[PDB]
Amino acid sequence: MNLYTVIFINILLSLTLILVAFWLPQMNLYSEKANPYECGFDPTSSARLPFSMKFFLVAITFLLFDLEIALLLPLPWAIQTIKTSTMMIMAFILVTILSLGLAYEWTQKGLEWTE
Amino acid sequence: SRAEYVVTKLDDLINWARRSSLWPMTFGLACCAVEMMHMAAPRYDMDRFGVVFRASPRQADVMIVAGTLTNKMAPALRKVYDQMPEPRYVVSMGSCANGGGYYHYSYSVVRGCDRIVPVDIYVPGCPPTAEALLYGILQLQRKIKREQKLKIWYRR
Amino acid sequence: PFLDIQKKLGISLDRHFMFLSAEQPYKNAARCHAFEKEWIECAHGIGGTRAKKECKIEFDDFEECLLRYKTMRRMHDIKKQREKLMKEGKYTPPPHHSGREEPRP
Amino acid sequence: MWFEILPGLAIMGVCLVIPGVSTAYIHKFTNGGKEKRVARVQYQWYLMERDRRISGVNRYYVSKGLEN
Amino acid sequence: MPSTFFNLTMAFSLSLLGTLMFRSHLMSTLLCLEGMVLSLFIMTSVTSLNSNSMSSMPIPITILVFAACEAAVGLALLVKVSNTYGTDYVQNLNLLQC
Amino acid sequence: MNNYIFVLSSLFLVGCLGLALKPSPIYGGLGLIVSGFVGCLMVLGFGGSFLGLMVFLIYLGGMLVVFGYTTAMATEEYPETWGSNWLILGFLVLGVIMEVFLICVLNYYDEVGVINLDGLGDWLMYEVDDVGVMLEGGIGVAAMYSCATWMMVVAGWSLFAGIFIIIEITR
Amino acid sequence: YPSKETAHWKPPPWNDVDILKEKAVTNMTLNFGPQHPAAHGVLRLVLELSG
Amino acid sequence: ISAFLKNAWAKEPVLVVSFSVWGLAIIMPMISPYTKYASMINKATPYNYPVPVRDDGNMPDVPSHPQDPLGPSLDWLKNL
Amino acid sequence: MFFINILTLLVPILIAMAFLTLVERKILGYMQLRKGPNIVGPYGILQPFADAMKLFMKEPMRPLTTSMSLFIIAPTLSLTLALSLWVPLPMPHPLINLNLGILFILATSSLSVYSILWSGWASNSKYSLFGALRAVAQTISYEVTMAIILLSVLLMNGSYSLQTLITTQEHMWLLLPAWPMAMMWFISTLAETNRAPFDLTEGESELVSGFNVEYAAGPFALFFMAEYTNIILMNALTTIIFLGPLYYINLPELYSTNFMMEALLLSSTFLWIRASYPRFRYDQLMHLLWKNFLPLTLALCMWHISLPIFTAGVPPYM
Ligand SMILES: C/C=C(\C)[C@H](O)[C@H](C)/C=C(C)/C=C\C/C(C)=C/Cc1[nH]c(OC)c(OC)c(=O)c1C
Ligand code: SF4
C-alpha cells in the first residue's frame, strides 16, 4: 500500500496542478485563438487523415525483437541451474537466430524506408 | 495588514513573474530581426533577463514585429497574435512596423502594425540598435510592473 | 498421441511436464501432488472407460483439492450461521478470533 | 564567470542528497536503530512475522535475546 | 479466484463477441484478438500460480510470442489492404463472391 | 482491502468490453493498455511479478505499433469515440448493468460455487509455502533454458520465420 | 443459375486481376509557414507530404 | 581475404567486433578449465533441505553427522 | 512517517528540476560566450520560480479540433511517471524495495512515451502528429537496445533488484567490465527523454515545437519538468549501475553524496552534449541504433552469457 500511496500522491499532485492551471487564470476565448496553428495561415485539410508510415516493417520486427527480449530476460535465473550447458547452447541459438533474421532483413533492405 | 495592501503586494508578485519571464516569439520578417539576433547574441544577452525565444505562439508572452508588414502577411500576424494566450504584449520594432516606414507609400504595405495588432511599445530605428530594442524591452518590463489589476478588481 | 515419435526414440520433448506432479524446476511440490499421483497410479494399465469408475474416489479427492468447492461451502455455512447467531445475540466470539490471542512462538 | 554557476549546482546537490539520508534516517527511526528489513523471499517474511509474534507488541524490531 | 476466473472468461467472451461482430475497420478486430490473448494469458498465469505449477509457467510466454506473430502478419495484411483500397474498411473486400 | 481482486477483475472486464465496442484503434489501444495494466496487477496479487511486467511491456510495445499504423490506415475524419454513438454508449451502460445484475443473480441461485460475494478474499492463494526460497515466477520461465527447451526452440522458430513472412507479405 | 441477386454478378477475370479505380494520390499538405523559425524570415512554402 | 578483413576493419568495424566477440563467446567456454566449476557451484548451493536418510546399516560412505570426514568436501570452492 | 518520506523524496527532486533549468541555461550561455540569467535573483536563482508562476497565470488553450480528455490527461501521466520513477531508486536505501526494479523502470518509461503520443494525437494538428510519429520511431529504435544492454549488464549482478548492484560494486565499478554497454546505455538514455542530439519531437527548426505547439500553460510546464526529471533519473541510473559509489554500511550518506556528485556530472554532460552537437535525423537514428548498436549489443550479450561460466563467476540469487 506504500507504492499505491506514492502513486496516488503523484496523481493528486498532477491533478491539483492542472486544476490550478485552469481555474486560477483569466480566459478570453474566441474562435480565432482556439483553431489549429499551421504557422499563421489556416490548414488546407484535417490532421485526422492518413500519415503514411515508411518504417512499418521496422515496427513489426521491433515487435518480434521485443518478444526475443522477453525470452532472453529469464537468464539471471536460468544461470543458477545445475546444467549451465543446455542454457548456454539454447541462448546462443536464440541470439544467433535473431542476428540471422536481422541480417536477412538488412540485406533485403527492410531496414531501409519506403521512399 | 489591509486587504488592499495585500492585493497590491500580490500584484507586485505576479507582475514580477510575468516581467522576469516574458517569452518572445521567433517571428522576424526583415532586417530588424538581425538586430534582434544581435540582442540574443552574447553582448546584449537577453536570457540574462529571462527573455528566451519560443517558436510556438502559445508558449509565448510577447511578439516583436521586427520587420516590414505587408498586405500578404497581415492575416498571418493577426492569427498569431490571436493564438497567443492572454496576458500578451506587442513590441513594434522599426520604422517599417511602427509606421509604414521607408515603404509607407507603397501598394503592398500596411502603414503600421497599429492597424492589425495593438502595440504596447514602439522602438524607432532603421534598424534599431539592439541596445535600443533592449531598452524598449526593459521599458515593457516597467510597463508590466505597474499593471494594477487585482487592485482595481478589489475596487470594482 | 497420433504419431508416437517420442516413444519411438525414448525422448521427452513435451511428455514430462504434462501435469502438476511432474518435475518442478527445484523440488517444490505443487498442490494436489499426492492426489494426482494417486489418481494416475490407479489409472495405469487400465485405459479410460474402466478407470473412470474404478479410480473415481481418487479423482474426486483430486478435484476437491484443486477446485476446492466443498470446503468453500462448509466455511460459508459456518460463517452464515455465525452471522445469524451474532445478529440474534447468541454467539460471543472469543479473544483468539476477535484479534487478541497469545501468539504461540 | 563560470563560478557563477556553482550556486544553482549547490542547490541542486543539496536537494539530491536529501532523498537518501532522509530515507535512511526515517528507516532507522521507525524500525529503531536498524536498517529496514528486506524481504525478497518468503523465508525472510517468515522470520519477520515470527519476530513480530515474539515481541508481545506487534513490532518485528524489538529483538528479544537470551532473557528468555 | 473463482470470481476472477468467471470474470476473465466473460472478458474473453466479450472480446470474442467483438471480433465476431464486425464493424467497418479491421484494426479493431485485431485488437479484440489481442484482448482475447491477454485474458487467456492471465487465466493460465493465475492457474499456474495457484497450483504452484512452475513447470507450466513457460506456456504464457509462448502464448504471447505466437499471438504477437499473429498480430504482425495481420498488420502486414492490413498494409496490403490499404495499399489496394486505401481506407482499411472491410466492406471493400467483396469481390470473391463473383 | 478484500474486494481488491474483484475490483481489478471487473475493471478488466470493462476494459475488454469497451474494446469490443470498437471505437477508433486509439481508444482501443488505450483500453488494451489499461487492461494489461490491470492484468499485471492481478497477476501480482496472485503472487506473480515477472509475468505481469512482461504482459505490460509487450502490450505497450505493441500498441505503439498500433498507433503508428492506425494513424496511417485505420484513421477517419471523426474517429468515433464511445460517446460518439448513442447506441454504443447505451450498450456500454447496458453491459455494465447487465453484468452487475448477472453477478447479483448468480450470487443467489448458488450460495457459493461460482462467485462468493460473502467470502471474498478468503480464497486467493491456496497453500502458500510459508518458508521458502528460490520460489518466485522466473525460475519456471527460466526452465525454458533447461527442462523445457522445446518451447524455446519452437518460439524462436516462430519469430525467425515470422521475419521472413513479414518481408514476403510486404514485398 | 440466374437469381435476381446474382444478376449483376459479373464473371471474374482470367488472371485473377481485377481492374480498379486506382485510389487518388491524396498527399498531405503543410504550410511550412513564415512564423516557423527555419523559414528564413517569411516563407510560406506549401509542400506536399507522403508521410 | 586478409586484405578483405583489413578493409573491413576500416570500413564497418562494428560488425567485425561483433563477429569476433560472437566467435569468442562460443570458443572460450571450450578452452577454460574454470568452465566446469560453474555447474558444480550451482549444485553446491543448498536451496532446499537435505533430507536425512534412514540408517539401513549399509551406508558407510554416508556420514552420521554434518562435520564428519565423509561427503563432498567443499574446499575446492575455498581457495579456488 | 511514510508521507514525510514522500515529501523528502518529491519536493527536493522538483527543486532539482527547477534549478537544472537554470544550470542548463547558464552552462549553455558560458559555452556560448555569454552569461545566462543573473538578474532576477542574485545569480538568477529565482528564474525557475518566475517561469512556473508565469506559466500557471497564463490562460490555458482548449482548442476546438482537440480531444480534451487525452489533451488534459497526457501531462498528468507524464509527470506522474517521471515522479514515480524515483521511487525504487536506492540512494542507498530506497523508498520502495522492489525485486524487479529495472522492469518497473522499463515499463514506466515505455508508458511515459504515451504522454507524447496521445498529446500529439489529441492536439489535432500537423506538427503535433509529426512529433508523435517521431516519438514512435525513437522508441522503436531505442527500447530493444536498452533492454538487452541492461540484461547484459545485470548478467554479472544476478538480479533485477537495484539494491544488489551496490554489493556488486562494493570493490569496483561496472564501467570497466562494461564500458561499451555503458556507452550505448548513455546514448539510449539520450534517445530516451527526447534530449539533444536525439530530440526529434520538439525539434523547433524541423517542427514548430512538436507535441507542445498547442500546449501553452501549466500543461506545457508539466511536460517540461517531466523531461527535466527524467534526465536526473537517467543520470542516477547510470551512476547506480556503472559508476557505483561507496556504500560503507556505517556511512550511507557517503553513498548519497557520491551519488549526487556523479548524477550532477552526468546531467551537466547532457547539457554539454546539447550545446556541442547538431541534431540527428529520425531515420539516421534508426540506422545508427539498429546497424551499429544492436549487432554489438547481441554479441556482447553472448559474451556476458559465456563469461560467468568460463570464469566461474555465476552470481548469486540473493
Ligand atoms: C537559444 C536561442 C534560439 C534558438 C533563438 O531562436 C535564436 C538564437 C534566435 C533567432 C533565430 C532570432 C530571430 C528569429 C527569426 C525567425 C528571424 C528571421 C530571419 N532569420 C534568418 O535566419 C535564421 C534570416 O537569415 C538571413 C533572416 O533574414 C530573417 C529575417
Ligand atoms: S525599419 Fe529599416 S532595418 Fe527595420 S525592417 Fe524596415 S528597412 Fe529593415
# chains A, B, ... in the order shown; residues from 1 in each chain; ligands from 1

call {"tool": "residues_near_ligand", "arguments": {"ligand": "ligand 2", "cutoff": "8 Å", "atoms": "only C-alpha atoms and all ligand atoms", "output": "PyMOL selection string"}}
result
chain B and resi 29-33+66-68+93-97+101-103+124-128

call {"tool": "write_last_selection", "arguments": {"atoms": "N, CA, C and O atoms", "output": "JSON list (two decimals), in the first residue's frame"}}
result
[["chain", "number", "residue", "atom", "x", "y", "z"],
["B", 29, "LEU", "N", 10.70, 39.33, -39.66],
["B", 29, "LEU", "CA", 10.34, 39.42, -41.06],
["B", 29, "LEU", "C", 11.42, 40.01, -41.94],
["B", 29, "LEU", "O", 11.54, 39.60, -43.10],
["B", 30, "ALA", "N", 12.22, 40.93, -41.42],
["B", 30, "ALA", "CA", 13.11, 41.73, -42.25],
["B", 30, "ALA", "C", 14.35, 42.07, -41.42],
["B", 30, "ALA", "O", 14.66, 41.39, -40.45],
["B", 31, "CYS", "N", 15.06, 43.12, -41.85],
["B", 31, "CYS", "CA", 16.42, 43.39, -41.38],
["B", 31, "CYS", "C", 16.45, 43.53, -39.87],
["B", 31, "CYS", "O", 17.44, 43.17, -39.22],
["B", 32, "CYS", "N", 15.40, 44.12, -39.31],
["B", 32, "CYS", "CA", 15.32, 44.38, -37.89],
["B", 32, "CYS", "C", 15.49, 43.10, -37.07],
["B", 32, "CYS", "O", 15.97, 43.13, -35.93],
["B", 33, "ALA", "N", 15.12, 41.96, -37.64],
["B", 33, "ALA", "CA", 15.33, 40.69, -36.97],
["B", 33, "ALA", "C", 16.80, 40.37, -36.78],
["B", 33, "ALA", "O", 17.16, 39.63, -35.86],
["B", 66, "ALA", "N", 9.55, 42.63, -35.91],
["B", 66, "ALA", "CA", 10.86, 43.06, -36.37],
["B", 66, "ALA", "C", 10.90, 42.93, -37.88],
["B", 66, "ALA", "O", 11.50, 42.01, -38.44],
["B", 67, "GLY", "N", 10.26, 43.88, -38.55],
["B", 67, "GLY", "CA", 10.33, 43.93, -39.99],
["B", 67, "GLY", "C", 9.13, 44.63, -40.59],
["B", 67, "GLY", "O", 8.28, 45.17, -39.89],
["B", 68, "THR", "N", 9.09, 44.58, -41.92],
["B", 68, "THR", "CA", 8.04, 45.20, -42.68],
["B", 68, "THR", "C", 6.84, 44.28, -42.77],
["B", 68, "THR", "O", 6.98, 43.09, -43.08],
["B", 93, "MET", "N", 8.82, 47.09, -33.78],
["B", 93, "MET", "CA", 10.25, 47.30, -33.88],
["B", 93, "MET", "C", 10.56, 47.78, -35.28],
["B", 93, "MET", "O", 10.31, 47.07, -36.26],
["B", 94, "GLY", "N", 11.06, 49.00, -35.37],
["B", 94, "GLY", "CA", 11.50, 49.56, -36.63],
["B", 94, "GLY", "C", 10.47, 50.48, -37.24],
["B", 94, "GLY", "O", 9.27, 50.40, -36.97],
["B", 95, "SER", "N", 10.97, 51.38, -38.08],
["B", 95, "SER", "CA", 10.10, 52.33, -38.76],
["B", 95, "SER", "C", 9.10, 51.64, -39.66],
["B", 95, "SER", "O", 7.98, 52.13, -39.83],
["B", 96, "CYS", "N", 9.47, 50.50, -40.25],
["B", 96, "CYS", "CA", 8.58, 49.80, -41.17],
["B", 96, "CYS", "C", 7.36, 49.22, -40.47],
["B", 96, "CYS", "O", 6.38, 48.90, -41.14],
["B", 97, "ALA", "N", 7.41, 49.08, -39.15],
["B", 97, "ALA", "CA", 6.34, 48.47, -38.37],
["B", 97, "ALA", "C", 5.67, 49.43, -37.42],
["B", 97, "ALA", "O", 4.47, 49.30, -37.18],
["B", 101, "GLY", "N", 7.07, 53.30, -42.66],
["B", 101, "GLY", "CA", 8.50, 53.36, -42.83],
["B", 101, "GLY", "C", 8.98, 53.90, -44.14],
["B", 101, "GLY", "O", 8.44, 54.86, -44.69],
["B", 102, "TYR", "N", 10.03, 53.27, -44.66],
["B", 102, "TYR", "CA", 10.56, 53.59, -45.97],
["B", 102, "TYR", "C", 9.69, 53.07, -47.09],
["B", 102, "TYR", "O", 9.98, 53.36, -48.25],
["B", 103, "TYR", "N", 8.65, 52.32, -46.76],
["B", 103, "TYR", "CA", 7.72, 51.71, -47.68],
["B", 103, "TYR", "C", 6.30, 52.12, -47.32],
["B", 103, "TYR", "O", 5.35, 51.36, -47.47],
["B", 124, "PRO", "N", 11.97, 52.91, -32.25],
["B", 124, "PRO", "CA", 12.33, 53.51, -33.54],
["B", 124, "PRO", "C", 13.74, 53.19, -34.00],
["B", 124, "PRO", "O", 14.65, 52.98, -33.20],
["B", 125, "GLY", "N", 13.90, 53.19, -35.30],
["B", 125, "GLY", "CA", 15.17, 52.92, -35.94],
["B", 125, "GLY", "C", 14.99, 52.22, -37.27],
["B", 125, "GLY", "O", 13.95, 51.63, -37.56],
["B", 126, "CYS", "N", 16.03, 52.30, -38.09],
["B", 126, "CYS", "CA", 16.08, 51.60, -39.37],
["B", 126, "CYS", "C", 17.51, 51.19, -39.64],
["B", 126, "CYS", "O", 18.21, 51.80, -40.46],
["B", 127, "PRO", "N", 18.00, 50.16, -38.96],
["B", 127, "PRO", "CA", 17.37, 49.38, -37.90],
["B", 127, "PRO", "C", 17.51, 50.02, -36.54],
["B", 127, "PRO", "O", 18.34, 50.91, -36.37],
["B", 128, "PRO", "N", 16.72, 49.59, -35.56],
["B", 128, "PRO", "CA", 17.00, 49.96, -34.18],
["B", 128, "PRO", "C", 18.14, 49.12, -33.64],
["B", 128, "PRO", "O", 18.12, 47.89, -33.73]]

call {"tool": "residues_near_ligand", "arguments": {"ligand": "ligand 1", "cutoff": "8 Å", "atoms": "only C-alpha atoms and all ligand atoms", "output": "PyMOL selection string"}}
result
(chain B and resi 25-34+36-37+40-41+52-55+67) or (chain G and resi 35-42)

call {"tool": "atom_distance", "arguments": {"atom1": "CA of residue 44 in chain D", "atom2": "CA of residue 128 in chain F"}}
result
14.3 Å

call {"tool": "interface_residues", "arguments": {"of": "chain A", "to": "chain H", "cutoff": "7 Å", "atoms": "only C-alpha atoms", "output": "count of residues only"}}
result
5

call {"tool": "closest_atom_pairs", "arguments": {"of": "chain I", "to": "chain F", "cutoff": "7 Å", "atoms": "only C-alpha atoms", "output": "Markdown table"}}
result
| residue | atom | partner | partner_atom | distance |
| --- | --- | --- | --- | --- |
| I:103 | CA | F:53 | CA | 6.7 |
| I:107 | CA | F:57 | CA | 5.5 |
| I:110 | CA | F:60 | CA | 6.7 |
| I:111 | CA | F:60 | CA | 6.8 |
| I:133 | CA | F:68 | CA | 6.5 |
| I:136 | CA | F:64 | CA | 6.5 |

call {"tool": "closest_atom_pairs", "arguments": {"of": "chain G", "to": "chain F", "cutoff": "12 Å", "atoms": "only C-alpha atoms", "output": "JSON lines"}}
result
{"residue": "G:27", "atom": "CA", "partner": "F:72", "partner_atom": "CA", "distance": 11.9}
{"residue": "G:28", "atom": "CA", "partner": "F:72", "partner_atom": "CA", "distance": 11.5}
{"residue": "G:50", "atom": "CA", "partner": "F:72", "partner_atom": "CA", "distance": 10.5}
{"residue": "G:51", "atom": "CA", "partner": "F:72", "partner_atom": "CA", "distance": 8.8}

call {"tool": "closest_atom_pairs", "arguments": {"of": "chain F", "to": "chain A", "cutoff": "7 Å", "atoms": "only C-alpha atoms", "output": "Markdown table"}}
result
| residue | atom | partner | partner_atom | distance |
| --- | --- | --- | --- | --- |
| F:54 | CA | A:70 | CA | 6.9 |
| F:58 | CA | A:66 | CA | 6.8 |
| F:61 | CA | A:63 | CA | 6.7 |
| F:62 | CA | A:63 | CA | 6.4 |
| F:65 | CA | A:59 | CA | 6.0 |
| F:71 | CA | A:51 | CA | 5.9 |
| F:72 | CA | A:50 | CA | 4.3 |
| F:73 | CA | A:50 | CA | 6.2 |
| F:75 | CA | A:49 | CA | 6.1 |
| F:76 | CA | A:48 | CA | 6.2 |
| F:77 | CA | A:48 | CA | 5.2 |
| F:138 | CA | A:74 | CA | 6.0 |
| F:139 | CA | A:77 | CA | 5.8 |
| F:141 | CA | A:74 | CA | 6.4 |
| F:142 | CA | A:78 | CA | 4.7 |
| F:143 | CA | A:78 | CA | 6.7 |
| F:145 | CA | A:87 | CA | 4.6 |
| F:146 | CA | A:87 | CA | 6.0 |
| F:156 | CA | A:94 | CA | 6.3 |
| F:159 | CA | A:64 | CA | 6.0 |
| F:160 | CA | A:101 | CA | 6.0 |
| F:163 | CA | A:101 | CA | 6.5 |

call {"tool": "write_last_selection", "arguments": {"atoms": "C-alpha atoms", "output": "CSV table (one decimal), in the first residue's frame"}}
result
chain,number,residue,atom,x,y,z
F,54,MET,CA,6.0,-8.8,-19.3
F,58,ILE,CA,4.7,-6.5,-24.6
F,61,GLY,CA,5.4,-2.0,-27.3
F,62,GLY,CA,2.6,-3.5,-29.4
F,65,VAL,CA,3.0,0.0,-33.4
F,71,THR,CA,-2.6,7.0,-37.9
F,72,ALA,CA,-1.9,5.7,-41.4
F,73,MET,CA,-4.6,3.2,-42.2
F,75,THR,CA,-7.9,6.8,-39.4
F,76,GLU,CA,-11.1,8.7,-40.2
F,77,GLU,CA,-12.0,12.4,-40.0
F,138,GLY,CA,11.1,-16.6,-13.2
F,139,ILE,CA,12.5,-20.0,-12.2
F,141,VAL,CA,10.1,-19.3,-17.0
F,142,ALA,CA,13.9,-19.8,-16.9
F,143,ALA,CA,13.1,-23.5,-17.3
F,145,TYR,CA,16.5,-22.9,-21.0
F,146,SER,CA,16.5,-26.2,-19.1
F,156,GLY,CA,12.4,-18.9,-31.7
F,159,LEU,CA,9.9,-15.4,-34.5
F,160,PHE,CA,12.6,-16.2,-37.0
F,163,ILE,CA,10.6,-12.2,-40.1

call {"tool": "interface_residues", "arguments": {"of": "chain D", "to": "chain I", "cutoff": "6 Å", "atoms": "only C-alpha atoms", "output": "VMD selection string"}}
result
chain D and resid 8 12 to 13 15 to 17 19 to 21 24

call {"tool": "write_last_selection", "arguments": {"atoms": "C-alpha atoms", "output": "compact mmCIF listing (two decimals), in the first residue's frame"}}
result
# COMPACT_ATOMS: atom_id res chain seq x y z
CA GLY D 8 22.45 26.59 -8.79
CA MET D 12 20.68 21.06 -6.94
CA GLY D 13 23.18 18.96 -4.99
CA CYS D 15 18.39 18.75 -2.99
CA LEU D 16 19.65 15.48 -4.47
CA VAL D 17 21.41 14.48 -1.24
CA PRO D 19 16.23 11.82 -0.57
CA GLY D 20 18.88 9.33 0.55
CA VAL D 21 19.93 10.40 4.02
CA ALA D 24 17.96 6.10 5.78

call {"tool": "residues_around", "arguments": {"residues": "range 74-76 of chain B", "least_positions_apart": "6", "cutoff": "8 Å", "atoms": "only C-alpha atoms", "output": "ChimeraX atom specification"}}
result
/A:39-41 /B:116

call {"tool": "residues_around", "arguments": {"residues": "residue 56 in chain E", "least_positions_apart": "2", "cutoff": "10 Å", "atoms": "only C-alpha atoms", "output": "number ranges by chain"}}
result
C: 17-20, 22, 24; E: 44-45, 47-49, 52-54, 58-60; F: 140-141, 143, 148

call {"tool": "residues_around", "arguments": {"residues": "residue 43 in chain D", "least_positions_apart": "6", "cutoff": "8 Å", "atoms": "only C-alpha atoms", "output": "JSON, numbers by chain"}}
result
{"F": [130, 131, 132, 133]}

call {"tool": "atom_distance", "arguments": {"atom1": "CA of residue 191 in chain I", "atom2": "CA of residue 213 in chain I"}}
result
21.0 Å

call {"tool": "select_by_dssp", "arguments": {"residues": "range 169-279 of chain I", "states": "helix (DSSP H, G or I)", "output": "ChimeraX atom specification"}}
result
/I:180-194,218-241,252-276

call {"tool": "residues_around", "arguments": {"residues": "residue 85 in chain B", "least_positions_apart": "2", "cutoff": "7 Å", "atoms": "only C-alpha atoms", "output": "tab-separated table (two decimals) with C-alpha atoms, in the first residue's frame"}}
result
chain	number	residue	atom	x	y	z
B	58	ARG	CA	1.08	29.56	-27.47
B	83	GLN	CA	-3.36	32.36	-30.91
B	87	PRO	CA	-1.68	38.07	-20.98
B	88	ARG	CA	0.16	39.10	-24.15
I	58	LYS	CA	-1.29	32.22	-18.43
I	59	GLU	CA	-4.59	31.17	-19.88

call {"tool": "closest_atom_pairs", "arguments": {"of": "chain C", "to": "chain H", "cutoff": "12 Å", "atoms": "only C-alpha atoms", "output": "Markdown table"}}
result
| residue | atom | partner | partner_atom | distance |
| --- | --- | --- | --- | --- |
| C:25 | CA | H:47 | CA | 11.9 |
| C:26 | CA | H:48 | CA | 8.2 |
| C:27 | CA | H:48 | CA | 7.7 |
| C:28 | CA | H:48 | CA | 8.7 |
| C:29 | CA | H:48 | CA | 11.8 |

call {"tool": "residues_around", "arguments": {"residues": "range 72-76 of chain I", "least_positions_apart": "6", "cutoff": "8 Å", "atoms": "only C-alpha atoms", "output": "list in words"}}
result
residues 11, 14, 15 and 18 of chain A; 114, 115, 116, 118, 119, 219, 220, 222 and 223 of chain I

call {"tool": "write_last_selection", "arguments": {"atoms": "C-alpha atoms", "output": "PDB file, in the first residue's frame"}}
result
ATOM      1  CA  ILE A  11      -1.538  11.595  -9.263  1.00  0.00           C
ATOM      2  CA  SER A  14      -0.683  16.444 -11.095  1.00  0.00           C
ATOM      3  CA  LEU A  15      -4.459  16.876 -10.918  1.00  0.00           C
ATOM      4  CA  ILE A  18      -3.969  21.147 -13.613  1.00  0.00           C
TER       5      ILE A  18
ATOM      6  CA  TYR I 114       2.247   7.517 -24.455  1.00  0.00           C
ATOM      7  CA  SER I 115       2.045  11.001 -22.952  1.00  0.00           C
ATOM      8  CA  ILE I 116       3.797  12.414 -26.018  1.00  0.00           C
ATOM      9  CA  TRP I 118      -1.530  10.860 -27.074  1.00  0.00           C
ATOM     10  CA  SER I 119      -0.969  14.572 -26.525  1.00  0.00           C
ATOM     11  CA  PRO I 219       0.347  21.561 -19.058  1.00  0.00           C
ATOM     12  CA  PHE I 220       3.404  22.531 -21.086  1.00  0.00           C
ATOM     13  CA  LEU I 222       4.324  19.633 -16.693  1.00  0.00           C
ATOM     14  CA  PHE I 223       5.852  18.230 -19.866  1.00  0.00           C
TER      15      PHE I 223
END

call {"tool": "closest_atom_pairs", "arguments": {"of": "chain E", "to": "chain A", "cutoff": "10 Å", "atoms": "only C-alpha atoms", "output": "JSON lines"}}
result
{"residue": "E:58", "atom": "CA", "partner": "A:71", "partner_atom": "CA", "distance": 9.8}
{"residue": "E:61", "atom": "CA", "partner": "A:71", "partner_atom": "CA", "distance": 7.7}
{"residue": "E:62", "atom": "CA", "partner": "A:71", "partner_atom": "CA", "distance": 9.2}
{"residue": "E:64", "atom": "CA", "partner": "A:67", "partner_atom": "CA", "distance": 7.8}
{"residue": "E:65", "atom": "CA", "partner": "A:67", "partner_atom": "CA", "distance": 6.0}
{"residue": "E:66", "atom": "CA", "partner": "A:67", "partner_atom": "CA", "distance": 9.4}
{"residue": "E:68", "atom": "CA", "partner": "A:64", "partner_atom": "CA", "distance": 7.2}
{"residue": "E:69", "atom": "CA", "partner": "A:64", "partner_atom": "CA", "distance": 7.0}
{"residue": "E:71", "atom": "CA", "partner": "A:60", "partner_atom": "CA", "distance": 8.9}
{"residue": "E:72", "atom": "CA", "partner": "A:60", "partner_atom": "CA", "distance": 5.8}
{"residue": "E:73", "atom": "CA", "partner": "A:60", "partner_atom": "CA", "distance": 8.6}
{"residue": "E:75", "atom": "CA", "partner": "A:60", "partner_atom": "CA", "distance": 8.2}
{"residue": "E:76", "atom": "CA", "partner": "A:57", "partner_atom": "CA", "distance": 8.1}
{"residue": "E:79", "atom": "CA", "partner": "A:56", "partner_atom": "CA", "distance": 8.6}
{"residue": "E:86", "atom": "CA", "partner": "A:50", "partner_atom": "CA", "distance": 9.2}
{"residue": "E:87", "atom": "CA", "partner": "A:50", "partner_atom": "CA", "distance": 8.7}

call {"tool": "atom_distance", "arguments": {"atom1": "CA of residue 99 in chain C", "atom2": "CA of residue 51 in chain D"}}
result
17.9 Å

call {"tool": "interface_residues", "arguments": {"of": "chain E", "to": "chain F", "cutoff": "6 Å", "atoms": "only C-alpha atoms", "output": "PyMOL selection string"}}
result
chain E and resi 1-4+11+14-15+18+28+50+54-55+57-58+87-88
